[PDB]
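Colleague:
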Amino acid sequence: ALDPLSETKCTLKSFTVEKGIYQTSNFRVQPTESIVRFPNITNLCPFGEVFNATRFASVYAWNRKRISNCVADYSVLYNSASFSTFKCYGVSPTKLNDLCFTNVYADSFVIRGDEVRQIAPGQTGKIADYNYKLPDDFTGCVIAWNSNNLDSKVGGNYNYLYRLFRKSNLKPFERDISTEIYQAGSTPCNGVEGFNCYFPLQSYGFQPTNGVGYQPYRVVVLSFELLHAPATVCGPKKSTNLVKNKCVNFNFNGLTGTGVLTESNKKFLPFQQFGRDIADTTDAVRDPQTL
Amino acid sequence: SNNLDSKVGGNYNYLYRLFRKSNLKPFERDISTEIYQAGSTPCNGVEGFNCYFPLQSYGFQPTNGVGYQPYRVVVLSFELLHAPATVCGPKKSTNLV
Amino acid sequence: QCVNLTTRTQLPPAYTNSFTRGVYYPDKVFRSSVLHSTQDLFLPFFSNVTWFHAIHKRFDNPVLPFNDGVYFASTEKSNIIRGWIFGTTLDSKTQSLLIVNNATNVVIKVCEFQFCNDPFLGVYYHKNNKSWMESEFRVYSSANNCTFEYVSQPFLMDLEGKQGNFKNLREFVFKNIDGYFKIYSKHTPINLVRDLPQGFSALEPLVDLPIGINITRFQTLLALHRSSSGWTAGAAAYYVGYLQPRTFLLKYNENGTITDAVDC
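Chains as they are written, first to last, in PDB author numbering: chain C, 292 to 582; chain B, 438 to 534; chain A, 14 to 69, 77 to 247, 255 to 291.
(1) Could you check the C-alpha separation between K424/C and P330/C for me, to the nearest Å?
(2) Measuring alpha carbon to alpha carbon, tell me which of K528/C, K300/C, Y421/C ends up nearest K310/C.
(3) Since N422/C contacts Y351/C with CB under 8 Å, what's their CB separation in whole angstroms?
(4) For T547/C, which residues of its own chain have a beta-carbon under 7 Å away from its beta-carbon, when the five flanking residues on both sides are left out?
(5) Identify the contact partners of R44/A in chain C, using a Cβ-Cβ distance below 7 Å as the criterion.
(6) Please go through the same chain and pick out, in chain order, the residues whose beta-carbon is closer than 8 Å to the beta-carbon of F32/A, but skip the five residues on each side of it.
(7) Where do the N-terminal and C-terminal ends of the alpha helix (DSSP H) with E340/C fall, by residue?
(8) Against chain A, which members of the segment 501-530 of chain C pass a CB distance test of less than 7 Å?
(9) On the DSSP bridge assignment, give the partners of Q493/C in chain order.
(10) From the DSSP output, which residues share a beta bridge with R273/A?
(11) What separation, rounded to the nearest whole angstrom, lies between the Cα atoms of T236/A and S555/C?
(12) How would you list, in chain order, the residues of chain C whose beta-carbon sits under 9 Å from the beta-carbon of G447/B?
(13) Counting C-beta neighbours from all protein chains within 10 Å, is the total for residue 248/A 16 or more, i.e. buried, or is it exposed?
(14) Leaving out five residues on either side along the sequence, give the residues of the same chain with a beta carbon under 8 Å from the beta carbon of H146/A.
(15) For a contact defined as C-beta to C-beta under 7 Å, what are the partners of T385/C on chain B?
(16) Between which two residues does the beta strand (DSSP E) containing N61/A stretch?
(17) Per DSSP, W104/A is paired with what?
(18) Whole angstroms are fine: how far does the CA of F429/C sit from the CA of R355/C?
(19) Starting from the Cα of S45/A, find the closest Cα among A435/C, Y508/C, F497/C, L560/C and give me that residue.
(20) Does the beta carbon of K41/A sit closer than 9 Å to a beta carbon anywhere in chain C?
(21) From the DSSP output, in three-state form, read off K386/C for me.
(22) Could you tell me whether the segment 268-287 of chain A touches the segment 108-120 of chain A, using the rule of 3 or more Cβ pairs below 8 Å?
(23) Using a 10 Å radius around the Cβ and a threshold of 16 neighbouring Cβ atoms, would you call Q409/C buried or exposed?
(24) Kindly indicate which three-state DSSP category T573/C falls into: helix, strand or coil?
(25) Buried or exposed: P384/C, going by 16 or more other Cβ atoms within 10 Å of its Cβ?
(26) Is the Cβ of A397/C closer than 9 Å to any Cβ of chain A?
(27) Measure the C-alpha to C-alpha separation of residue 293/A and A262/A and round it to an integer number of angstroms.
(28) On the premise that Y396/C lies in contact with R357/C, defined as a C-beta separation below 8 Å, what is that separation, rounded to the nearest angstrom?
(29) Applying a beta-carbon distance threshold of less than 9 Å, which residues of chain C neighbour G283/A?
(30) Answer yes or no: do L270/A and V193/A have a C-beta to C-beta separation smaller than 9 Å?
(31) Measuring CB to CB, does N487/B end up less than 9 Å from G476/B?
(32) Find the residues of chain C that neighbour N532/B, judging by a C-beta separation of less than 8 Å, and give them in chain order.
(33) Between which two residues does the beta strand (DSSP E) holding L296/C run?
(34) Flag this pair as touching only if the segment 442-456 of chain C and the segment 519-537 of chain C have three or more C-beta atom pairs under 8 Å; answer yes or no.
(35) Got a sec: is the Cβ-Cβ distance from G413/C to anything in chain B below 9 Å?
(36) So which residues on chain B does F377/C lean against when the C-beta distance must stay under 9 Å?
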């Protein structure tokens, strides 16, 4: 690494160099910048319709909204600071935007304070096993806000009912509104409660004066699914400026590589995003926004 | 070593790391208990949202199956035929011709 | 829906000779000034294609096998071709695909559709102030678990009847590649009396449907006219040709348009 003369000595593995012209190395330009040009990322699904609704459905009949074929921005849900407490498993709300899944469901409900800890994958409890279970492959988040001043009433607000018993356990994100009487004994219950016969459907007794464990928290789980179909719900991505006539890194909608892009006379058809040469090697590109 | 290392309800003398900021290097010994940052929020050196405590302890009980019982592991590392040997078994030397 | 027509009958599938129809772009890649070889589901040239048509007593809309991917070509005056149905049974027993062209939107759906005995689309009130618009809809009777739904932008398609020879050419390519469908299409004017238009073309993408359903049969959806038994059809003709994994030499010009093809 002293001078080009010693590089010639090292190419030949010899302490002397003879008269002539010898090949010693190979020049190559390296990348300097990184460009990102994806299609439009508009058409956000208003997730606030489910979180900030005036009233939710009951827990046993938890409301389900479908989210598909739109861009899902979770950064607003964290940075807005309109909610009390959050919790996630594996990925944070800002990092979830980098994942593209098939479908997303906003599984909304309202439970007590001591029961929000039961909202976790592979968890057991009165809400996990009986009302709403999360899958073992859960990679979303759970979001909650204290609604003690709204979802409470003097003497018990029996608007939000819930399941307490069940003869078996539920599947992940399973919705079951059945009122089958839970039977612990052998005698038939005959459609009424009593000894070893308790209805599973019961009411929540929220009140402004209850302890923190029994206050109403408006909990909603962002359930995710990986079905046979391709992904449809991606996060937003900010594009950058387009560089021309410079060796840098490139990243378009579905084409990545390193090289130099210059203007030309090629004209793609209305459906073609990139081109290839005679040898089946990619030699052209298209900006997804500009023409 | 279930009959030796197990305690009534657990032994904190044997601990393990659950989270790490980066990939460990081979034969590295890092005993740092710094908080793991899983999200974009600065943890500021305390627990919280996406800020979990990396160190965790073993649970020793008499009912644990072989999958959870503690096994005493030892790992021997060396170089083979790169320098004069210093740990050689009972291989008696012979005469030179 | 379940009411059958009065005049329709199933005749034997008479075949005819397709000269050079059945070539398309194998992918969404640009290539120009090259002779690219590609192996894909293509219709061989000088192969046999089926002879169907729609008049006031045949009205071909049977359910026929699919099994690979099929080429479609229609020569029209009254613009009768509306849509197509796929499925393993074309019934609510499983999920069936549908495409339709009601002259306003190209709607696609995948639900558990109930099979109609003789589905069609209606056009009514010709006597005065025709206006040539679709009125009634008898494709399916029910639906369930409609997982997917695609709809094109608004438009207005020319349903006006025309006299003389055939004038409109619509051609599709439908295939099944591990459940993924690549709907290609083209529309161009023609002037043609019988058999097939003497010319050359290549078909481009219209919609991409990654559904994930195995197909074995398909059905035609034709429109009818009347000034569900007293409906009569117009003037139109369409053919059926099964594809095969053959290799062509696609001749690409400077603008990337296919100008010639050689059947290996």
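Where a beta carbon is used, it is the ideal one built from N, C-alpha and C, also for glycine.
Modeller: Based on what the coordinates show:
(1) Here residue 424/C is taken as the residue at index 133 of the first sequence, counted from 1. Here residue 330/C is taken as the residue at index 39 of the first sequence, counted from 1. Note on geometry: alpha-carbon atoms of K424/C and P330/C lie some 36 Å from one another.
(2) Stepping through the first sequence from its first residue, residue 310/C is reached at position 19. Here the closest residue by C-alpha is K300/C.
(3) As a position in the first sequence, residue 422/C is number 131, starting the count at 1. As a position in the first sequence, residue 351/C is number 60, starting the count at 1. About 6 Å separates the two Cβ atoms, so the contact holds.
(4) The residue labelled residue 547/C in the question sits at position 256 within the first sequence. Taken in chain order, the residues that qualify are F541.
(5) Counting from 1 along the third sequence, the entry for residue 44/A is found at position 31. Under the 7 Å cutoff, chain C gives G566, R567.
(6) By one-based count along the third sequence, residue 32/A stands at place 19. Contacts found: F58, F59, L216, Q218.
(7) Position 49 of the first sequence, counting from 1, holds the residue named residue 340/C. Annotation for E340/C: the continuous alpha helix (DSSP H) segment containing it runs 339-342.
(8) Residues of the segment 501-530 of chain C whose Cβ lies closer than 7 Å to any Cβ of chain A, in chain order: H519, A520, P521.
(9) Looking up residue 493/C in the first sequence gives position 202. BP columns for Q493/C point to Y453/C.
(10) The residue you call residue 273/A lines up with position 246 of the third sequence. For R273/A, which the question treats as bridged, DSSP gives the partners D53/A.
(11) As a first step, residue 236/A is located in the third sequence; it is residue number 216 there, counting from the start. As a first step, residue 555/C is located in the first sequence; it is residue number 264 there, counting from the start. Taking the straight line joining both Cα atoms gives about 46 Å.
(12) Here residue 447/B refers to the residue found at position 10 when the second sequence is read from its first residue. None at all; the shortest Cβ gap to chain C is about 22 Å.
(13) Coordinates for residue 248/A are lacking, as chain A steps from 247 to 255 with nothing built in between.
(14) Taking the first residue of the third sequence as position 1, residue 146/A is located at position 126. Cβ contact annotation for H146/A (same chain, cutoff 8 Å, sequence separation greater than five): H245, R246, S247, in chain order.
(15) As a position in the first sequence, residue 385/C is number 94, starting the count at 1. Residues of chain B passing the Cβ test: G476, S477.
(16) As a first step, residue 61/A is located in the third sequence; it is residue number 48 there, counting from the start. Counting along the chain, the beta strand (DSSP E) containing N61/A begins and ends at 60-67.
(17) Against the third sequence, residue 104/A aligns to sequence position 84. Under DSSP, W104/A takes part in a beta bridge, and its partners are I119/A, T240/A.
(18) As a working note, residue 355/C is residue 64 in the first sequence. As a working note, residue 429/C is residue 138 in the first sequence. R355/C and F429/C have their alpha carbons spaced roughly 17 Å apart.
(19) The residue you call residue 45/A lines up with position 32 of the third sequence. Nearest of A435/C, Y508/C, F497/C, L560/C to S45/A, Cα basis: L560/C.
(20) As a position in the third sequence, residue 41/A is number 28, starting the count at 1. By this cut-off, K41/A is an interface position.
(21) For the purposes of this step, residue 386/C is taken as residue 95 along the first sequence, with counting starting at 1. The three-state reading of DSSP puts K386/C in helix, counting H, G and I together.
(22) No, the segment 268-287 of chain A is not in contact with the segment 108-120 of chain A.
(23) The residue given as residue 409/C occupies position 118 in the first sequence. Classification for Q409/C: buried.
(24) Residue 573/C sits at position 282 when you count from the first residue of the first sequence. Strand, per DSSP.
(25) Walking along the first sequence from the start, residue 384/C turns up at place 93. By the 16-neighbour rule on beta-carbons within 10 angstroms, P384/C is buried.
(26) Locating residue 397/C in the first sequence gives position 106, counting from the first residue. Residue contact with chain A for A397/C: absent (no Cβ-Cβ distance below 9 Å to any residue of chain A).
(27) The structure shown does not extend to residue 293/A, since chain A is modelled only from 14 through 291, so no value can be given for it.
(28) By one-based count along the first sequence, residue 357/C stands at place 66. By one-based count along the first sequence, residue 396/C stands at place 105. Confirmed, about 7 Å.
(29) Here residue 283/A corresponds to residue number 256 of the third sequence, with the count starting at 1. Residues of chain C passing the Cβ test: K557, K558, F559, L560, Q563, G566.
(30) The residue you call residue 270/A lines up with position 243 of the third sequence. The residue you call residue 193/A lines up with position 173 of the third sequence. Cβ atoms of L270/A and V193/A: closer than 9 Å.
(31) As a working note, residue 487/B is residue 50 in the second sequence. As a working note, residue 476/B is residue 39 in the second sequence. Their beta carbons are under 9 Å apart, which means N487/B touches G476/B by this criterion.
(32) Here residue 532/B corresponds to residue number 95 of the second sequence, with the count starting at 1. Those within 8 Å of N532/B in chain C number zero; the least Cβ separation is about 42 Å.
(33) Mapped onto the first sequence, residue 296/C falls at position 5. If you look at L296/C, you'll find it isn't in any beta strand (DSSP E); it sits in the alpha helix (DSSP H) that goes 295-303.
(34) Short answer: they don't touch.
(35) On the first sequence, residue 413/C is found 122 positions in, with the first residue counted as 1. Taking 9 Å as the CB threshold, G413/C stays off the interface with chain B.
(36) Here residue 377/C refers to the residue found at position 86 of the first sequence. Here the neighbours are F486, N487.
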